[PDB]
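Read the structure below first, then the notes.
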Amino acid sequence: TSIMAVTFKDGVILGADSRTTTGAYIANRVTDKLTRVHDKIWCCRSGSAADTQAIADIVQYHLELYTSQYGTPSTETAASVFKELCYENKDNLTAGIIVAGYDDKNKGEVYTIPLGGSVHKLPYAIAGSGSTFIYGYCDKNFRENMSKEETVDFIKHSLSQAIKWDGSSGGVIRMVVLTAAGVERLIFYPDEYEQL
Amino acid sequence: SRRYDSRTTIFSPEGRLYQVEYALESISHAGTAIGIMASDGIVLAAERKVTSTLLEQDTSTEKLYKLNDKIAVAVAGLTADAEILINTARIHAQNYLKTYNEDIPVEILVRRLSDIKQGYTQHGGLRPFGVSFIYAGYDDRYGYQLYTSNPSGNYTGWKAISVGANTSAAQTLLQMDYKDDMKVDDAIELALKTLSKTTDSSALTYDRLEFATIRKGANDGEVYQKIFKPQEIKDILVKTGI
Amino acid sequence: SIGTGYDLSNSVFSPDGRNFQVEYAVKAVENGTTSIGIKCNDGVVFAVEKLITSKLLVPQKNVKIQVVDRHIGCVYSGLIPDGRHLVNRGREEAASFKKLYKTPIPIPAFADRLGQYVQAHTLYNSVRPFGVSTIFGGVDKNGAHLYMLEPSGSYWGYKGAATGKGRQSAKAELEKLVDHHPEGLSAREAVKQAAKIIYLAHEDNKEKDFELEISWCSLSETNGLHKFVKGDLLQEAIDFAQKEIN
Amino acid sequence: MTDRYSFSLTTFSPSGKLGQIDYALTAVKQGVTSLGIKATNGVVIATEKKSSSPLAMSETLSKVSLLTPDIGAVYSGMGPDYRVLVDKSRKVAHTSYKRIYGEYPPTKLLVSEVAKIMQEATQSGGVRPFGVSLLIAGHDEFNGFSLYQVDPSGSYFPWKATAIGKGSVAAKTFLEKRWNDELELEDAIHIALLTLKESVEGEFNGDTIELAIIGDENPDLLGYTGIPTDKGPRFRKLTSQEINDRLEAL
Amino acid sequence: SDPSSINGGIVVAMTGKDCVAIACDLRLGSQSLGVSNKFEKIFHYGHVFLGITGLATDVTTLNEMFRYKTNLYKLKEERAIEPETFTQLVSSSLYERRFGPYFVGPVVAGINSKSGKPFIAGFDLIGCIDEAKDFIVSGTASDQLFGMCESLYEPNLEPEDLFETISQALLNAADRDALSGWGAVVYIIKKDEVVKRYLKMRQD
Amino acid sequence: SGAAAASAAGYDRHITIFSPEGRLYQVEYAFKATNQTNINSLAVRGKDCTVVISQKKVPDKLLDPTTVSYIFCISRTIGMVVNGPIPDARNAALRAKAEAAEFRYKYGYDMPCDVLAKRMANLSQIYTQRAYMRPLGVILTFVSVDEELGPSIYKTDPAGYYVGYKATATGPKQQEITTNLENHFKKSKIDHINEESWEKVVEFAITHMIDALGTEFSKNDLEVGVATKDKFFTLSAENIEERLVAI
Amino acid sequence: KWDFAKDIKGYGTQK
Amino acid sequence: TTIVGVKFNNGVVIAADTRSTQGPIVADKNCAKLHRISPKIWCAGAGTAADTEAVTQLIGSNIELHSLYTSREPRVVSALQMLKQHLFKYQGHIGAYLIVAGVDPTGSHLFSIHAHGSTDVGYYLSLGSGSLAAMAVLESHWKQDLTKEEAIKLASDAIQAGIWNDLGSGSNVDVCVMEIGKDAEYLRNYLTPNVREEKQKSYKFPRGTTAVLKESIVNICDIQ
Amino acid sequence: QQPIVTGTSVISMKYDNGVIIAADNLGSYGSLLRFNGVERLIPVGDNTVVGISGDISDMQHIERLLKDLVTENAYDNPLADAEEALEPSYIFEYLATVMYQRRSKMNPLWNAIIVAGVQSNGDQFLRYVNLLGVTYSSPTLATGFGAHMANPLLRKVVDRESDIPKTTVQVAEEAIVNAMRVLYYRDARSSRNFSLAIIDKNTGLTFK
């Protein structure tokens with residue numbers, strides 16, 4: 001509905017709006033949309049939900065043994081697992097998602113996946129039925145090689161830019177972080193960006 | 001000679017399959033089982049080998065069995081291979097009734113259930129059943145009936161048989177005192193005499209035995225799979241003056 | 001022939017916890033030509049005695065190396081076809097490691113998809129094991145590698161390998177080098193230093209002429225792929241070798 | 001000398017007998033002693049634990065095991081042919097009977113669904129049978145308490161008071177020297193451990209022994225107080241200390 | 001057309017003081033026609049009874065398959081069937097066919113021979129076990145009978161006092177239904193005896 | 001007389017044939033394979049930290065000793081060490097590593113070493129029923145630091161027997177070791193061992209497989225594992241240099 | 001009233 | 001068919017209406033929506049009840065085995081990740097929409113499920129025809145660090161809204177509550193707010209009224 | 001099927017010493033224009049290219065195996081760098097008979113495949129195939145609106161079989177680049193970007 005991801009100098013970031021919808025009813029307004037697929041790999045579930053849960057929960061199985069048999073994985077390997085479930089079974093389901101990861105050697109990486117199934121390289125990525133309202137308000141504010149403080153609000157000013165003018169599906173906002181050191185879930189609340 | 005004994009499809013030069021005949025001595029180890037055909041109701045009977053004291057030999061019938069309200073069986077042979085083909089028989093009789101809505105005749109399943117015991121003396125690395133039976137039935141076409149099925153697949157209809165151990169005498173004793181009328185209560189008093197006089201022990205208790213009876217004897221005609229309990233063979237048993 | 005009963009089949013165990021049909025296959029490798037592989041500071045170089053039975057055989061096109069997808073090689077010493085049956089499984093699964101993961105298959109994960117396969121033959125009964133002992137290595141993200149494959153299913157990581165009938169010899173000249181040069185040979189002296197060996201390892205078969213073959217993989221001289229040799233490189237390496245031993 | 005009608009199963013010998021079954025029943029008689037006898041208001045199931053080394057925790061593996069709340073077991077003989085059996089026995093309650101009758105089964109229809117799991121492995125070469133035995137023991141509400149044996153052949157002799165293993169006939173000699181018709185459970189329980197003091201060597205404490213009972217419902221084991229009719233289990237394994245006092249009462 | 005709305009049959013069950021009562025109708029035919037005055041829509045297996053509605057094939061075909069079974073469960077366990085298992089069996093013996101199903105409104109009725117208790121239940125076509133205690137129905141005319149049976153059945157009833165409130169509940173409804181009602185039949189049940197009565201109503 | 005009628009009259013080449021003694025012999029001949037390396041491991045408990053040690057021999061110089069290892073990190077919180085030939089250790093290692101997984105895909109958490117020794121041992125039975133496969137000539141040890149049970153060791157043999165020891169060793173040389181910690185436990189009557197740190201508990205277990213083993217050990221001839229909550233891993237070489245200085 | 005959406009570590013399982 | 005679930009400080013709780021429907025018409029005054037998969041655990045399905053009860057009494061069998069095979073108590077999450085995988089095979093023909101909540105050694109839990117497999121978590125939920133109203137009540141009363149006996153009321157009065165402020169609901173209330181280190185309390189008919197009072201007379205009939213054509217006895221006789 | 005992320009047109013032409021083909025760099029989602037970093041040209045060897053249109057999900061699926069096809073050529077043929085390598089006719093039939101056996105299965109690939117390159121003798125090669133598997137050839141080709149707009153144009157440069165060696169490279173590149181202008185001038189989904197491929201039977205190959 002409204003998710004995105006961005007890279008920077010010392011790592012990368014994911015984010016999302018904790019809201020769902022069936023018809024036009026607020027069903028669950030505190031939902032997370034980020035997946036511990038591996039220690040430093042995550043995703044963003046855009047599209048349906050019955051599909052992305054099972055899809056993501058599979059990918060642990062192939063990345064939990066590839067962890068064991070053959071070594072620690074790479075991020076390029078992930079989307080070339082997601083892609084093979086979404087292309088080969090495209091005409092039943094509805095999912096379009098994002099990934100993120102990090103190596104100490106190769107810095108932060110972010111790929112994207114549409115519905116039909118096609119990986120792409122991107123520094124900035126967006127997805128959501130209600131997140132086409134941002135392609136202008138980011139392509140100009142955005143650059144590379146910035147830092148934590150500069151990109152956190154960058155997200156923050158975007159999602160409210162979505163939800164304020166005609167987002168039609170979003171709630172609170174939350175985000176995470178994937179540096180070389182560690183990770184930490186963040187949380188930002190309505191009263192912050194609503195008055196903003 | 002070059003020993004032709006190792007599969008049941010080998011055909012010794014004299015034409016005889018050895019490994020079938022062996023089954024027909026795997027039956028002598030069994031426990032005797034008798035049935036006499038009356039004029040107004042068949043009787044069956046039995047006898048057990050193991051009769052130690054501390055095991056419930058009261059309710060557990062191990063030989064006598066039913067197939068439906070018309071038909072009964074008395075086994076003589078291996079016991080692992082009785083459940084296999086007495087559930088199958090039940091499952092055959094119902095699946096005849098279920099799709100012709102009338103009761104099973106005897107000459108069908110005995111014909112069937114014996115061809116099953118021939119489907120294993122012919123093909124595969126399979127074994128033939130060590131089993132025999134004594135059927136006891138009723139049906140419109142012939143009424144009272146008695147039948148028998150070897151571990152080969154060959155069956156024959158009779159008037160009075162013993163299977164299992166010591167049938168040699170138990171036929172001999174039988175065939176020289178079986179009258180041809182033999183009211184039902186006069187049949188039981190024959191069957192015990194055979195087992196009384198053929199066995200190995202001398203006690204012939206109430207626990208070692210079970211003998212049941214088929215009966216048309218009711219008014220408003222119908223069939224009655226009368227099985228006897230320990231308490232009334234004793235009446236049968238004191239009455240003879242063993 | 002300790003057990004006349006426990007050899008007619010596979011999938012058995014002797015009283016001494018052994019299965020001997022593996023212990024007889026290994027005696028089919030010994031009746032095979034010599035083959036080696038040296039580990040280097042950047043990559044690897046392979047080699048082999050390629051015997052010639054007649055004068056009539058065409059040179060340099062009855063090759064014996066089999067090249068897997070561009071970054072690992074495999075050389076045999078033993079019964080060739082059971083070998084060529086084996087790469088022709090290693091040349092297909094690695095694809096099935098690519099089309100799921102998109103990376104070229106690493107070397108270890110290529111082994112366990114062989115070293116686990118071979119072990120399957122030595123536990124059923126309706127089959128025969130392999131009469132090979134193939135060497136294989138290459139290059140990946142995390143350096144070079146080099147391994148030995150052995151019909152028991154075992155594989156171990158070697159700086160130097162040699163099989164065939166020239167085992168006891170080339171297991172010396174590969175012990176010398178790893179004492180002189182702990183610092184890692186470069187990929188333009190090991191090669192000629194390999195030719196020295198196969199001309200020394202021939203002398204179990206001083207009867208018959210032969211032909212020499214080489215194949216080599218290292219990042220600097222090749223950019224990280226597998227490749228044969230040609231030209232002055234091997235010709236000098238020939239000229240290097242039979243010189244020193246005369 | 002050999003017999004050449006014993007290396008295989010589907011072959012009859014002139015005495016009309018089969019080969020390997022006769023030896024499996026010897027694989028158990030070489031095994032440890034286990035038993036279970038009966039009473040008027042319950043059933044007991046006992047055996048010991050000949051712990052191989054001192055360092056093997058003799059608690060991480062149970063000779064006895066639950067099949068349904070009302071039904072429990074114990075073997076005598078080989079082990080791995082037990083925990084591979086029960087894992088496909090208790091299922092068959094949950095597969096063949098339960099889901100199409102709502103409720104857990106009787107005690108003998110369970111046995112029929114064990115003994116053909118025992119007889120599937122004695123009808124085709126390429127299968128050793130289960131070199132074990134069993135003493136299934138339980139309860140239901142039209143025929144009552146019960147006890148049952150299950151051999152590897154697929155036959156299930158019933159019983160009242162019995163034991164198996166090497167120390168069998170010494171015990172069976174002893175039961176009817178002590179067994180009755182009207183016996184009660186807590187009377188039938190110290191019998192079934194002083195039966196086991198003879199067929200033993202060394203230590204005879206709770207950490208070298210384990211047994212069971214059957215009785216009236218044990219709803220404290222149930223977990224979901226609030227229903228009037230779902231009276232809970234009927235099977236409980238006696239802890240160490242609950243045994244380790246009775247011996248000093250003896 | 002629906003399968004359930006073709007032939008036409010109505011059944012009733014009702015609890016009472018150590019007695020129950022079950023009944024059914026006898027009309028049968030195509031759409032907008034009737035052929036037989038005489039089709040006993042109700043059956044019995046052991047002491048346990050059963051009644052069926054809806055499509056006649058899946059009446060006649062459910063009789064047999066349940067009759068294929070209880071004559072095994074008697075032979076196999078040496079004991080008749082009692083209801084509270086039977087009521088579960090009909091669920092899972094229908095829920096196997098969740099797709100390409102049968103088209104039935106069943107019922108059930110009987111006493112539990114241990115506690116002398118009465119028992120009834122109803123179902124749907126994929127096995128939802130309704131365990132009402134007062135009564136339960138099924139057929140084309142359910143909506144025309146949950147009203148004129150509710151107001152008439154007290155608790156703790158006596159057999160003949162319970163009899164005549166079935167029939168009038170059964171007659172005043174079937175006489176209004178569009179696809180039913182050429183003669184009826186009823187069973188009153190006690191712990192150890194049973195009797196069959198028919199009833200009188202219209203004809204064509 | 002023991003195996004004389006065995007070695008002559010069959011009974012030693014089919015798995016699924018009993019002897020009139022009751023003994024089947026093939027699986028009883030598998031165990032001779034376990035000792036075909038002359039190798040001897042060890043395992044012990046902790047307050048929360050578990051350890052397992054193994055030799056790592058000194059063959060001809062040409063090997064690359066980074067890869068020679070009989071310690072296989074299976075999943076997280078789990079590990080194992082084998083006793084037997086390498087190839088017949090992998091096929092057990094890999095049949096597992098793809099078994100802890102699907103559990104976590106099908107039940108929502110990671111298996112313990114309880115089930116993982118009951119599952120893999122529920123298989124080696126089967127392969128001694130059927131003729132699918134010669135029983136793997138191994139005897140393998142497991143380790144873990146569980147949430148509900150604490151430390152835990154388990155063990156599995158080609159028949160299917162499995163018990164969770166308190167401490168144990170294996171190989172050709174069990175009697176020498178096993179006594180040199182059986183006697184240790186009857187001193188203190190602690191199933192576990194003290195010395196909270198996974199560090200300090202290693203040096204306990206080293207020195208007991210020195211005095212009772214039969215020689216002195218360097219850093220290279222060994223390879224050692226360890227289990228701690230959230231992890232399983234292997235180790236460095238200094239832990240002995242910080243032993244003999246103290247002594 | 002949206003201050004309690006922090007103790008939701010995931011969508012059913014993870015931690 | 002308004003149900004509800006809510007967590008509190010050291011336990012959880014659930015409740016459910018007891019109105020049946022073969023459409024608009026009722027077919028059962030009361031029916032235990034609550035169902036069991038294991039002793040501590042409990043679940044309630046609103047939708048096609050026949051597809052509700054399979055999964056309960058099924059999964060309660062595929063997991064009871066797991067507990068014994070594992071020699072360990074279950075976990076509720078295991079009761080989720082298997083049915084979540086079960087329904088997704090069928091992709092929605094199943095008429096199921098469930099909650100599930102209980103207790104495990106690692107803590108307490110609540111979870112919600114939909115048909116396609118879209119499961120989600122939260123300290124409070126409400127489903128059925130009255131998922132709307134019943135959610136709003138507890139929104140107007142739910143607090144952090146609630147306590148047990150404050151939830152029996154918050155959860156009961158909520159679905160009382162699912163009765164009066166909804167059509168397809170009905171009479172009674174059934175409740176089940178858990179708590180750590182303690183058994184699972186099951187409150188059946190926790191409150192009967194309405195009662196079927198008495199119509200002003202008995203509309204029965206006396207003997208000798210109908211017209212019985214014939215009559216005959218039935219036998220259930222046996223082997224004699 | 002029915003696609004989402006559909007590409008757009010490409011262009012080709014043959015000339016005296018070789019051929020020219022080129023595309024644009026774009027990924028759509030509808031009217032929107034999401035991606036503009038992709039390519040459309042997957043080289044194979046040093047004589048051959050393939051342009052692609054249609055669903056970009058499948059264009060990734062083509063490049064995955066062509067790189068493997070050449071790879072499995074190199075297996076056991078040391079000669080196969082020089083003459084026993086992949087000329088285009090060794091390829092295109094693989095991308096043709098795949099498709100007919102993927103159409104009749106009824107789950108096709110909605111790409112539209114163009115192939116350009118040179119044999120080993122030195123002669124021109126060019127061919128084309130859409131999802132249904134149909135094939136043809138002529139000295140200049142395009143896809144989508146490129147064939148409804150720019151094919152008539154370039155045939156003014158190259159009418160028919162005669163005037164092919166009446167032509168050179170400098171004149172050739174200076175035609176399609178003016179057709180590039182058209183599509184960025186009028187075509188709905190085009191983009192200003194570009195990606196060129198020339199081939200020469202003597203000098204070989206180059207790229208954007």
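Each chain of the structure tokens is named A, B, ... in the order shown, its residues numbered from 1; ligands are numbered from 1 in display order.
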
*What residues in chain H lie within 7 Å of chain F, counting only C-alpha atoms, written as a VMD selection string?*
chain H and resid 70 77 to 78 81 to 82

*asked:* What's around residue 14 of chain G at 10 Å? Count only C-alpha atoms, leave out sequence neighbours fewer than 4 positions away in its own chain, and write the answer as a list in words.
replied: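 The residues satisfying every condition are residues 35, 36 and 37 of chain A; 108 and 109 of chain F; 8, 9 and 10 of chain G.
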
Emit the selected residues as a PDB file, in the first residue's frame, including N, CA, C and O atoms.
ATOM      1  N   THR A  35      10.067  -8.581   7.108  1.00  0.00           N
ATOM      2  CA  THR A  35      10.224 -10.010   7.331  1.00  0.00           C
ATOM      3  C   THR A  35      11.657 -10.391   7.644  1.00  0.00           C
ATOM      4  O   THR A  35      12.565 -10.117   6.856  1.00  0.00           O
ATOM      5  N   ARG A  36      11.843 -11.080   8.767  1.00  0.00           N
ATOM      6  CA  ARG A  36      13.131 -11.665   9.134  1.00  0.00           C
ATOM      7  C   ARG A  36      13.349 -12.906   8.279  1.00  0.00           C
ATOM      8  O   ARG A  36      13.192 -14.047   8.719  1.00  0.00           O
ATOM      9  N   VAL A  37      13.685 -12.667   7.015  1.00  0.00           N
ATOM     10  CA  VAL A  37      14.013 -13.764   6.116  1.00  0.00           C
ATOM     11  C   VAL A  37      15.405 -14.294   6.414  1.00  0.00           C
ATOM     12  O   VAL A  37      15.673 -15.490   6.257  1.00  0.00           O
TER      13      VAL A  37
ATOM     14  N   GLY F 108       7.030 -23.889  13.242  1.00  0.00           N
ATOM     15  CA  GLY F 108       7.170 -22.550  13.755  1.00  0.00           C
ATOM     16  C   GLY F 108       8.256 -22.355  14.770  1.00  0.00           C
ATOM     17  O   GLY F 108       8.215 -21.377  15.521  1.00  0.00           O
ATOM     18  N   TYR F 109       9.230 -23.234  14.813  1.00  0.00           N
ATOM     19  CA  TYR F 109      10.370 -23.066  15.695  1.00  0.00           C
ATOM     20  C   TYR F 109      11.417 -24.088  15.304  1.00  0.00           C
ATOM     21  O   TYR F 109      11.227 -24.872  14.370  1.00  0.00           O
TER      22      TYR F 109
ATOM     23  N   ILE G   8       4.678  -5.403  18.587  1.00  0.00           N
ATOM     24  CA  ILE G   8       4.365  -6.333  17.511  1.00  0.00           C
ATOM     25  C   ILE G   8       5.660  -6.559  16.744  1.00  0.00           C
ATOM     26  O   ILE G   8       5.995  -5.835  15.807  1.00  0.00           O
ATOM     27  N   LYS G   9       6.399  -7.579  17.163  1.00  0.00           N
ATOM     28  CA  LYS G   9       7.529  -8.086  16.396  1.00  0.00           C
ATOM     29  C   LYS G   9       7.011  -9.149  15.423  1.00  0.00           C
ATOM     30  O   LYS G   9       7.159 -10.356  15.616  1.00  0.00           O
ATOM     31  N   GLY G  10       6.337  -8.666  14.387  1.00  0.00           N
ATOM     32  CA  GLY G  10       6.110  -9.423  13.176  1.00  0.00           C
ATOM     33  C   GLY G  10       4.657  -9.776  12.938  1.00  0.00           C
ATOM     34  O   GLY G  10       3.739  -9.211  13.536  1.00  0.00           O
TER      35      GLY G  10
END

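If you measure from each of C:245, C:161, C:135, C:127 to chain F using only C-alpha atoms, the closest one turns out to be C:161.
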
_DSSP-assigned strand (DSSP E or B) members of segment 25-167 of chain D, reported as an MDAnalysis selection string_ = chainID D and resid 34:38 43 45:48 56 65:68 71:73 75 134:140 144:145 148:150 158 161:164

_Polymer residues at most 12 Å from residue 123 of chain A, only C-alpha atoms, same-chain spacing of 6 or more positions, as a VMD selection string_ = (chain A and resid 4 to 9 11 to 14 98 to 100 107 to 112 138 to 139 142 to 145) or (chain I and resid 35 37)

Take the residues that were just selected and, keeping C-alpha atoms, output them as an mmCIF file, in the first residue's frame.
data_model
loop_
_atom_site.group_PDB
_atom_site.id
_atom_site.type_symbol
_atom_site.label_atom_id
_atom_site.label_comp_id
_atom_site.auth_asym_id
_atom_site.auth_seq_id
_atom_site.Cartn_x
_atom_site.Cartn_y
_atom_site.Cartn_z
ATOM 1 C CA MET A 4 9.721 1.937 0.107
ATOM 2 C CA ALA A 5 13.402 1.381 0.683
ATOM 3 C CA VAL A 6 16.562 3.401 0.282
ATOM 4 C CA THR A 7 20.296 2.887 0.573
ATOM 5 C CA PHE A 8 22.911 5.197 1.961
ATOM 6 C CA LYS A 9 26.564 5.392 3.012
ATOM 7 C CA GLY A 11 23.853 0.877 5.253
ATOM 8 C CA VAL A 12 20.252 0.908 4.053
ATOM 9 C CA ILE A 13 16.703 1.432 5.286
ATOM 10 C CA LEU A 14 13.239 -0.039 4.839
ATOM 11 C CA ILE A 98 11.315 -5.324 -2.169
ATOM 12 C CA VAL A 99 14.443 -6.640 -0.506
ATOM 13 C CA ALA A 100 17.539 -5.269 1.166
ATOM 14 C CA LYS A 107 27.773 -2.098 0.537
ATOM 15 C CA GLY A 108 24.001 -1.854 0.733
ATOM 16 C CA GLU A 109 21.831 -3.199 -2.059
ATOM 17 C CA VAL A 110 18.150 -2.902 -2.881
ATOM 18 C CA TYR A 111 16.252 -4.791 -5.562
ATOM 19 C CA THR A 112 12.589 -4.698 -6.507
ATOM 20 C CA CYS A 138 11.459 11.945 -4.112
ATOM 21 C CA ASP A 139 13.289 12.064 -7.438
ATOM 22 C CA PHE A 142 16.978 12.282 -3.373
ATOM 23 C CA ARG A 143 20.716 11.803 -3.711
ATOM 24 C CA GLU A 144 23.322 9.177 -2.860
ATOM 25 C CA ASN A 145 25.912 8.653 -0.154
ATOM 26 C CA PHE I 35 12.492 1.754 -15.110
ATOM 27 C CA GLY I 37 18.164 1.540 -16.790
#

*asked:* Between A:39, A:51, A:45, A:63, which residue has the minimum interatomic distance to chain H, considering only C-alpha atoms?
replied: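 Checking each candidate against chain H, we get A:51 as the closest.
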